[PDB]
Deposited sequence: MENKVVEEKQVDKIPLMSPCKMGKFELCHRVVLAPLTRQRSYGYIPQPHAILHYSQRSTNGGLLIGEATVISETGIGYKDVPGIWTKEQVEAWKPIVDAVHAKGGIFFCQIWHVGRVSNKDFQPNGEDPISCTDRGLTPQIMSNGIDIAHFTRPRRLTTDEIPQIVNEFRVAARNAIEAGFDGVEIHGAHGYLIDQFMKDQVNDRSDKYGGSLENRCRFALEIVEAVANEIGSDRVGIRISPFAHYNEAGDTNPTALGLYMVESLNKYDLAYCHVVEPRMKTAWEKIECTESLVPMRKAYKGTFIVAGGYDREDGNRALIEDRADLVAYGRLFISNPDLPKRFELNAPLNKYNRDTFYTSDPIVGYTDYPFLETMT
């Protein structure tokens, strides 16, 4: 077997990764009652390799951050203890595990909120209905409540606690969810942020929330245990920006001072991550539409240090091994991406024979 770029070792902060194939954060909606479950142990265990990086599924930081059924949270002792066995199985195979901490902001409904309250956001504009994963049901969203200037720090604090909880759970680090139109991205994107205070207006102001969050977390658990994900070019959840590249450049530049473990950036649908990679001084992770070929290339062309795989890692437990041996890949069934069975479409994808 000839060595390939995707299999090359890599130093990422305090971690010695053995290869560059990363498991991207994947929401599977199989965490009943917002509590991590036993089947997650097998799932993440099936995907752990020695020195391989795994980014866990988006994990809700607080009650108000829920916008989906059965997603895991990390604000209660019950949730923390539930994560431990999952974290242990991953470590048992020598993998590095980061918990993605998340808050949906306006992407929610009052039925998901405590005491039927409205979701919180940088704006009071809500989302139009969207078709769910099955293609039969419609997702309706409640208009959000625009957070006041002095409430925001309270939210910044929620990410902090959560980050702390993740470490108590055993996680090696946390990835801040600054993408896909959720709370943090809502503040960054100008098509959404219509604030008149310091958290809105200019590009510097719109990124303040994010940067305050990065600082709160880095300070709490050490910047070497912190990663952040952004999607400057995505319009997911009606959250675009009239100047993606500047937003992206402003962000990476701004993050250099925090000496993070990495910056995870999502590819577009021109628009390029290259300028961002060039402006960012630390470990750069790219994700979105990659295969084995595109992965080795991006690494060889200096476009990234690590490559995250979503859909392919869903249907291929041994993705790294298959890339290392250039073996065929299992097809993935999107119909069971978000379904709720503990096995079907979650842990029944076969390893190489």
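Asks: So, counting the deposited sequence from position 1, which segments are absent from the coordinates?
Replies: Missing CA coords at 1-10, 280-289, 374-376.
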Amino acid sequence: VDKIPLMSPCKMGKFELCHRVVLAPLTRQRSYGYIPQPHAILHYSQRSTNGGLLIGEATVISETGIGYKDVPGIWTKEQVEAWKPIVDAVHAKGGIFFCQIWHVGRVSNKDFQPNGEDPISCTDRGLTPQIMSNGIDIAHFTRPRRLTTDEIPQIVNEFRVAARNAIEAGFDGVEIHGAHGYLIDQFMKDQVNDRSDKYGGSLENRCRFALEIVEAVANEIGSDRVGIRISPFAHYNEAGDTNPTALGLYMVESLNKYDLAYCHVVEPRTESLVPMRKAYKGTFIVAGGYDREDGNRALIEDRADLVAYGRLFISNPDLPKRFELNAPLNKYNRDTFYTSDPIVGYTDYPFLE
From here on, numbers count along this sequence of modelled residues.
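Asks: Between 8-16 and 339-347, point out the one with the higher average CA B-factor as the PDB entry records it.
Replies: Between 339-347 and 8-16, it is 8-16 that shows the higher mean C-alpha B-factor.
Asks: On average, are the C-alpha B-factors higher in 253-261 or in 173-181?
Replies: The stretch with the larger average C-alpha B-factor is 253-261.
Asks: Highest recorded C-alpha temperature factor, please, choosing from 82, 132, 156, 230.
Replies: Result of the comparison over 82, 132, 156, 230: 132.
Asks: Please work out which residue in 108, 115, 100, 165 has the highest C-alpha B-factor recorded for this crystal structure.
Replies: That would be 115, according to the entry.
Asks: Can you tell me which third, lowest, middle or highest, the CA B-factor of residue 296 falls into for its chain?
Replies: As the PDB entry reports it, the C-alpha B-factor of residue 296 lands in the middle third of its chain.
Asks: Can you work out whether the C-alpha temperature factor of residue 142 puts it in the lowest, middle or highest third of the chain?
Replies: Within its chain, residue 142 is a middle-third residue by C-alpha B-factor, going by the deposited values.
Asks: Once the chain's modelled residues are ordered by C-alpha B factor and cut into thirds, is residue 73 in the lowest, middle or highest one?
Replies: Lowest third - that is where residue 73 ends up once the chain's C-alpha B-factors are sorted.
Asks: Comparing residue 209 with the other modelled residues of its chain, is its CA B-factor in the lowest, middle or highest third?
Replies: Middle third.
Asks: Using the temperature factors of the C-alpha atoms in this entry, rank residue 46 within its chain: lowest, middle or highest third.
Replies: Its C-alpha B-factor belongs to the middle third of this chain's values.
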